[PDB]
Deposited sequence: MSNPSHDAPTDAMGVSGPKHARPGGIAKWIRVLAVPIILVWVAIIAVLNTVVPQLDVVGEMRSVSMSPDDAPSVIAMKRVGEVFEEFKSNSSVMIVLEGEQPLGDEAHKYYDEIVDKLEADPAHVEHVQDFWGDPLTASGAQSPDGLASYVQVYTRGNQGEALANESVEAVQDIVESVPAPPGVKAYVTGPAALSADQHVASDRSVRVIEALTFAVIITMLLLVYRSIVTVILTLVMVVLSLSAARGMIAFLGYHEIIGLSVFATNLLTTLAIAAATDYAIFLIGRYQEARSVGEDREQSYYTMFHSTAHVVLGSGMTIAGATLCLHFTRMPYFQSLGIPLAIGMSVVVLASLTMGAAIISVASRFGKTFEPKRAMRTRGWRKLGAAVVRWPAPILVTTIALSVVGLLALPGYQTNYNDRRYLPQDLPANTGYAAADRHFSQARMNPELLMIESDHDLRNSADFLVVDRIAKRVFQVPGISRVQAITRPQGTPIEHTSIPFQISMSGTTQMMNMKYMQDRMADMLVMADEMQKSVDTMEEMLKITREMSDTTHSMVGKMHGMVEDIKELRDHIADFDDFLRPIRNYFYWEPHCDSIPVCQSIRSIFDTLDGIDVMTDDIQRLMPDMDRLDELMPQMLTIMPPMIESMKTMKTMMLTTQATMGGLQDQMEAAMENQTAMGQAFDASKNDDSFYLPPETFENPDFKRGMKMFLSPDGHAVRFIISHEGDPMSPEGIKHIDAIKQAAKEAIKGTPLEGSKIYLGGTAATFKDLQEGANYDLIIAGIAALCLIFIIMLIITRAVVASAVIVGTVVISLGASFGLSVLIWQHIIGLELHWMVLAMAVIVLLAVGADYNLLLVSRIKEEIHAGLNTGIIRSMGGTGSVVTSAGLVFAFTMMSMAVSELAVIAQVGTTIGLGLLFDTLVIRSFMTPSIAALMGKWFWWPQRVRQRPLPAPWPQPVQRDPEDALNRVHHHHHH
């Protein structure tokens, strides 16, 4: 703990460091609009540009020369009276104003305006109708969001008939309203988070000056991280998703508070022993700076490991989170060290106010070292009972239930569900692109065969084709005289390619295409079409199938494998960081394995609460987003405890554990409580996925703070003895 190294440089350059950090924070906050504005502008596609569903939909748009993007929303009309006179008119002005805005609307698939296909766009009771309009964008980008906003504005501009109401729904509408749901509760999230942290810092320190300075450090670090992320995103360097902003804000605040708590706790412990301010600061730095740096590097690397998946949301989550956490770590180490150094020499600023809680934690350490075998067994049992949630763990792929029901997309879905069957606003599009003109009598037998065979597939409730213009059935033969009928000419134009080389089918699911059963439906439809076109003068045609079910098939087929690989990479990277810091293989393995064990209890608590008490099943992204943060932060707490043990080995393996636990008990307890409660502060989010992720991470941090670091790791250390620090040389005796 001799004065020297980076600590002395920071202490002597404290004021310049603070001024430089403040200046760059101001620059990054005054040269770019804001993080929320950038995230709205730089929203990422919900699906990769090379996904089979995206390619199929763009190919359908290109062949038919209608659209070129991958965004579409459904406009549904709901009237108290049956849709009749003046309702068709209202629909007509709506579609006319839609086709007069090429900047947002690419094509309007007008089925209800055509008497041939009018019955196919109406509900059986006749009280509702819908039209699919194709907008510009890729269903998740910003451009798609302004497209949906423009469509809603156009719909609301037209005066409605006395009893007819129009809604704008669809998966693109749901994605667009995700952003507006976030940017109405993100402020509530940050306000509640700051209130919680202020209260808990007041409880921990009982000092107003210390709390104010901790808030200053946290606010400056958060502003630096958010400014860096906004600067990167605004320059189209990184992509930002809706979840990225919320997780970045909460994680930055919580991690900054944790680093401040670590530094201040070490400084105040050094002061309580009876060391002057300079030696106290030097001891704090030499004991906690590497721990904080490694703790932040673990979070940064763990979040970075998400970039290696194929899901665009997870890449948009990965790099920005890593950059934000790294900026938080620098603005914690350098800024907090400088601020502590400056403020210590201004009276009783950071001086401890109440007491230190060694005696209780020393008694707990004595209990742990006395019975290391009976303990760690209770902890393994408490961590594995969460696996009882596997027989019954249900995941939900539909984002409809994870958004407030008052959003325009949810309202439109609710209105459609009153009159139409389930998932009629999410149709599948099947295109079979041939190599010859299909507008002859022979090929319509094949087309009708395809329509009939796809309809006969279980889980398919409606197939709309040229031979079934209304989606319902009317040995087949069309006389050539039908080809000159103008009604049939319009039908072929609306269902066949302009050159006649492609045929289009609209397919509606019996159930929800969100589920993996809807994923099996895609393969069933493709196989049925391939067998239908078998042994006919149409073989070799390229089958394109696109829609919601195909999109989520492309998302989910490799998602589980990608997430497993990402988690394994995160574990490996955290283990490498622990190995670099502690220089002990066994200690690093224990640190990274205890959190893996506690993942069971975290998962059990989350699947219990959300799936049973609340009733809302866990979103299929929640575990993926939560496991990374859990592994990072639990390993960080274990790192702090293990490093403190390492500093105390010279007194003995058992006395070292006892003294280290006594030293770090209250500090790590406060840090873990702050992190967990900041994480669960997302419970007020209007994005139920965000709330689920936050509550899961908070419950996991509460569990491991109360169990793992307290009893499991110390008991493992006591059991291992000299082998805990392997292959490090161990004194092994006082």
query: Non-modelled portions of the deposited polymer sequence, in sequence order; finding: 1-20, 495-689, 950-975
